Amino acid sequence: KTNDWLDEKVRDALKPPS
Amino acid sequence: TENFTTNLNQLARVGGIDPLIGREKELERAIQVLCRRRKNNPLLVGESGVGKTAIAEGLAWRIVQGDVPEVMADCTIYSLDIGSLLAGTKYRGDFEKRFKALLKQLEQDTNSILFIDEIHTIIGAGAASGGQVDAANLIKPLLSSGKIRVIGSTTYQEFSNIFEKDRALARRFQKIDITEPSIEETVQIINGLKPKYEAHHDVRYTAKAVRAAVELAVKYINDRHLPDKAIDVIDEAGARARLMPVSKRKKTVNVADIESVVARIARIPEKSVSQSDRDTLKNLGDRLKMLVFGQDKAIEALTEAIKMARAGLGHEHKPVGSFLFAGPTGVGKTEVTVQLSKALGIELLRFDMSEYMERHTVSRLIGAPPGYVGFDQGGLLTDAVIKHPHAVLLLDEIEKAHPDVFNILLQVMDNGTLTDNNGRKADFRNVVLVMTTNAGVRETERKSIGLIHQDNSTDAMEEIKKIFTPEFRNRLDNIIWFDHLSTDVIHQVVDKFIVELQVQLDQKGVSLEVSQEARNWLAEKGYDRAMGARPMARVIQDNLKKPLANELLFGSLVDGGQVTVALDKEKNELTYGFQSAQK
Amino acid sequence: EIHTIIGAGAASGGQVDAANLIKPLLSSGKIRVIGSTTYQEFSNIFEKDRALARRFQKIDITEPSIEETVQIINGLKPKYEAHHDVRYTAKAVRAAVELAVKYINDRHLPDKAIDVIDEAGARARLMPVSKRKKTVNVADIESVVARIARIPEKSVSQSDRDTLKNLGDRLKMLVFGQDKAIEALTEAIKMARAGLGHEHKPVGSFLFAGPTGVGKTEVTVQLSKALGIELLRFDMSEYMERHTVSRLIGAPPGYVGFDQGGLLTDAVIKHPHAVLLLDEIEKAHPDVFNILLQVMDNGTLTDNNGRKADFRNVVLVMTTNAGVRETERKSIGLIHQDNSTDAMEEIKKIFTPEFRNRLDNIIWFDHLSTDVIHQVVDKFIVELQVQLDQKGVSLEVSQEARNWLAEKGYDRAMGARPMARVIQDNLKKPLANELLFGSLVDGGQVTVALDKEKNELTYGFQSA
Amino acid sequence: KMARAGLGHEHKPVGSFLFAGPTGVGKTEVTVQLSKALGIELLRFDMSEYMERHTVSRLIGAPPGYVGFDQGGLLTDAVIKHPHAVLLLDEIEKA
Amino acid sequence: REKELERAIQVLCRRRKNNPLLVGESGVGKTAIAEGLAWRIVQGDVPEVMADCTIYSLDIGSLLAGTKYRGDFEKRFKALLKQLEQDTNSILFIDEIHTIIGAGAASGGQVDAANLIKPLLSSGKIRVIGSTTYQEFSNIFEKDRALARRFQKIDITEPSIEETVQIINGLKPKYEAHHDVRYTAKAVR
Amino acid sequence: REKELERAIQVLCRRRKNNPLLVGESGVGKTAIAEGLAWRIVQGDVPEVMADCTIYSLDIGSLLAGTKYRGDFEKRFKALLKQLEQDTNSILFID
Amino acid sequence: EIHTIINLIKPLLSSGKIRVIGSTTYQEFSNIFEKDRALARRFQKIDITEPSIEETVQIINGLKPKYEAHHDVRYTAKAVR
């Protein structure tokens, strides 16, 4: 009767003011 | 867009990339795809090292050489660099401007192709925002229109799990499967590439050397692919010559040099064994007999099997030797295996099979399947053999383990390889598999109910047949039954145990001398056929170690001094005399 | 691909999106805009933005019928014909739709059928330098579909035809006896090339059950070498546990091992035409047999990713050792009994009746006869000779010596494997000592004869 | 004394003694006093719990891919924490 | 470690894929071999070809620091590779080489240092020494079959007891100076 | 905690691998021992070599929080390491 | 509903400068608080049990004047019980 046990950061772009 | 793209044709003419030999069908298919009215984008999907980048870059070399169709005579291939495009795209729209400008230039010329190596990267090209906008989305409309042609190259793993995810992009790219070349194809490729490698290393490769490298690489090096595998051996062999002495073998590299390089890469014993190795092998049986007295047949089988593999008469795809050691307790099944590793100076992969009693424990040896907590751990057996390919695999107390474990060792004995949960394939060709079993120990010691006590040696074999499935026994090279430990052999064991005590005693500065009379007394007092040689340790411990330890801790032997042991026949007891050597 | 406009901007400060700029206008209804998206993207991306999804009116689009697709090709025929300067026959366009849908499954019917037309025109345009052939024949369409789908089915070549005829003869030379097994494999493979093959099943699904030492795996392994196809050997002892079966079809999405994918489906995809040797299938968990049931009848297996692997051209050979103890079991009584029937009953117990019905044939390998063993001894000697050739040694074994080796090692129950052991002790062991230290170190010669008086072999080594 | 003196087996534990005797004869107590006299940890383990074969997994832990694998083995972890100790196994026969 | 170092020179002198990889268990001395080459280079014990070559060590954290802006990571990685190519006699040493597979990249993005460095390694323009444990090499590095092909594995087997005593004797002047004590010969053995 | 503290100083004075690790059960004064070293240094009850040293307690939670970028964690972590590297005497504590 | 949030919860507790009140469901406590040793040590479990039948009516009666004033109509004592 055994049982088997199964087992954010992104770059951004900047826009300078026109 | 010179910064982002490089012209392969220009590089081919002055410097060169690589001469392309063969792959006529692969090039014809790629060229046909490029000539299509729509979706004329070939994708060279293949295993690593097959030559996916050679075909794409070989087309430029072929075009300058002129061995191509007239339509492709004016075509020019550009190699895009994803890193260069994203070198300075900090501001919004910078990448789009550079990428759109590059595609626009191709449309104007209308007689050029783009070679994007490792095309799986562009599915996730630089996208600051979460929006799906990326190079794949930008290039998708142009691909369907047919304005531009773009060659691709990616592995099966990357294509299936990254490129396929994007259904729209996959439709535009016509998959072209690249298959590993045959042995004959690979040797021809090396001959064409041989001048390029000969010039760099200033060596000349013999015809035998190139053929041996391809054949030897396939036999021993399994993880890599044949075209890449053969070039690695050929390239490395040339490097050694440059680093060899000034004039010993600079002119040419013989087959012997190729055989040595293959051995180092695969960590297998080199062919054409040295005289030093021959001396060790010739005296392996003699040296093993000194440590393990008796059981010469077992030592002979191990030494003879090891001699065959090194000689070159080993099994094609089986281990050096598979031996099942069955015998009464104390015979020395584990000791001979342990000493074999020490004598040969190879790692001893000792596995206690008692631990793997339940079926679930089988996962430890091969690792847990994908999607479980144990995937990272891997397989103890697979990882151990991979780290130490040449080793002695000692599966002690194999009978204790569940029959499921026996099934796992079927491919090892016959196929010679085992597969890990991650998919890695282990090589058992050079490992010596020794399995010690205590089956029939109860039967052999047991005395039959009869006037004459029948020898129960035969009975033990019957349990072996029941415990082990017939297929398992057939794969074994031989079953070496340890008969018994004789009285004469036990006399030698006493000397061996005393020698072990002497080295331990040497550390404390005390020297022990045992008379021949005392040695015979120990053997008769503790000789037990059923228990083998283990009682010898107990009698020696009580008779000799216990008095010495008391004296050593508190007494004359605190400081190293000679001790003398003699037998008194009148009392039939050992006499221990201690003489201090401090002054 | 209107899913893209939902985003398109995340720069600091602006906090603007294309969908938000057009959201008031769409709500007002002054401007109307058409859009297209994939079913997966609409449910996962477009549906998330309820405002856009609410406004837009979905119009389902699905693959057209076979008749409708050929009509489309005829409509598009002037464009493709003009570019390639080729003309397509009415039968050729019909063949492309029927052949492509039959063999190509991943792509949908419209592009899949057109892909053959475009490639067919390019091949016809590019194949002859003289441009002798401009029209596209039906035969050309078949060849193009074959390469795209990587199926060996095509008109048999003269070079390939010869090899097919001698496949049985060559297999017999390497594997002696077991003629029924070789005939079943050769005949099934011949049918596939001829075209008399199952529409949605593998060419062959053979279960090999026999005594230990018989050449069940060897015939399967040698078949791949003779046919020049890859051998997808999958040892089934590793898959004893139920959870391990997922490894074959891939781990469910969201786990550590999902990316690696299935080992069976990926291998079959990489090598569509190959021999799938599932050795020791008996040891595998019952769940493994369930997966194979689908492959035998449906002809395709879906992995965790959802890709389907085509087993139509795969030769499925599953070796089993079920009921092997009965084979070596010695029945009580003066005369031993044939336990072949008992072994079949064990196979029936282990394998479900439905599984056996799907299998093309179940071949019971017979025990090796004395005559067969004599050939086996010669085969092993040839392997030894090849190994000796690498070291520059030549071995000559007399006929009397070969008979002596056969009798010493011939065991019906154990099989051919004992013969190898006899060769190792009698021949390899003496040569090994001489090879390492002796006359055979360099350029050796060897002769073997049987001493009739002493009934023991004599090994004569010449340094040469 | 022999092990500390340097005349030990060097590959086996200090001692493996099976104390078989009638109830209340002092077999368990002598081991407890030995630890106190030596000032070493006493790794008391009751073997009555391991009545059946499956319970043995607890001593060495569950294998990878099964529940309780992270927990580890009580016997292995206990010895690791206390290398010098007395490993008492009461009611060994009942196991 | 002459045999281990000798193979490294052979790999470094290869026309293509001249990237030696030092795979061994922790504590064996892989970093010592990678850094020891630089020490021997100054002394001149290494072969003439190796002489006059500068070995650099890559700090993954420094390269990825302050790279939030798109393309900053690529600029730094492509700038360093350009430097190595221009010199033609510089060898890069990437300790814990498995880290480049998981270098700076977006969640969706698959562009990493491994993909960028892959073309240069195959061509042979740049030589890159590596160091990683057996566990990381098999569970992470080997998974990337493309990257593994470019790197040549060099097995490192821990030294014997006899070999180890000489290593301590060579490192004894440094430990003695820091602790201002002298280690007896018997103590080292 | 003289015995426990003495072991820590010996490790810290080592030329290499001078990173003591305190392992114990919950609520055994594990954190207090590391914090106590700072208190002892302030009172000058430690050896002369230990004197004139600073103990820094790194907060993993604060460092991880607020990065929201690939290089934010690396830059702050590398910045922290630079400060410790600049001062040879300085020591770090990571609970 | 602290269980909904549970990186910064541990540092404020460890510092001890500001004490924090946390309301979590019994099921969530076992799933989150019991599993995390650090969170469990800092937080003290205060058992909040439902009032008895007599207590429940008393609470309504205590709060009944507020309700009656709000809408200007009252409930009989029999009705609330």
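Letters A, B, C, D, E, F and G mark the chains as written, and numbering starts fresh at 1 in each.
The rule we apply is simple: a residue touches a chain if its C-beta (ideal position, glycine included) is under 8 Å from a C-beta of that chain, and two chains touch if they have at least 3 such contacts.
Enquirer: Quick one: which chain's Cα centre is the longest way from subunit D's?
Expert: That would be chain C.
Enquirer: Using the average of all C-alpha atoms in each chain as its centre, how far is it in Å between subunit B and subunit E?
Expert: 22
Enquirer: What whole-number Å value describes the gap between the mean CA coordinates of subunit A and subunit C?
Expert: 38
Enquirer: With centres defined as the mean C-alpha position, give me the subunit A-subunit B separation in Å.
Expert: Once rounded, the distance between the two centres reads 36 Å.
Enquirer: Indicate the residues of subunit B shared as contacts by at least two other chains.
Expert: 47, 89-90, 92, 126, 128-130, 157, 358-360, 362-363, 369, 371-373, 375-376, 422
Enquirer: Quick check: what residues of subunit A touch more than one other chain, meaning two or more?
Expert: 2, 4-15
Enquirer: Chain pairs in touch?
Expert: After working through each pair, the chains in contact turn out to be A-B, A-C, A-D, A-E, A-F, B-C, B-D, B-E, E-F, F-G.
Enquirer: Could you pull out which subunit F residues touch subunit G in their complex?
Expert: Its residues touching subunit G are 26-27, 59, 61-62, 64-65, 95.
Enquirer: Can you tell me which positions in subunit G touch subunit F when the two form their complex?
Expert: Residues 7-8, 10-11, 14, 37, 41 of subunit G touch subunit F in their complex.
Enquirer: Could you please specify the touching residues of subunit A with respect to subunit F in the complex?
Expert: 8-12
Enquirer: Going by the contact rule at the top, pick out the subunit D residues touching subunit B in the complex.
Expert: Checking each residue of subunit D against subunit B gives 1-2, 4-10, 53-54, 56-57, 60, 62-66, 69-70.
Enquirer: Please name which positions on subunit D make contact with subunit A in the complex.
Expert: 65-69
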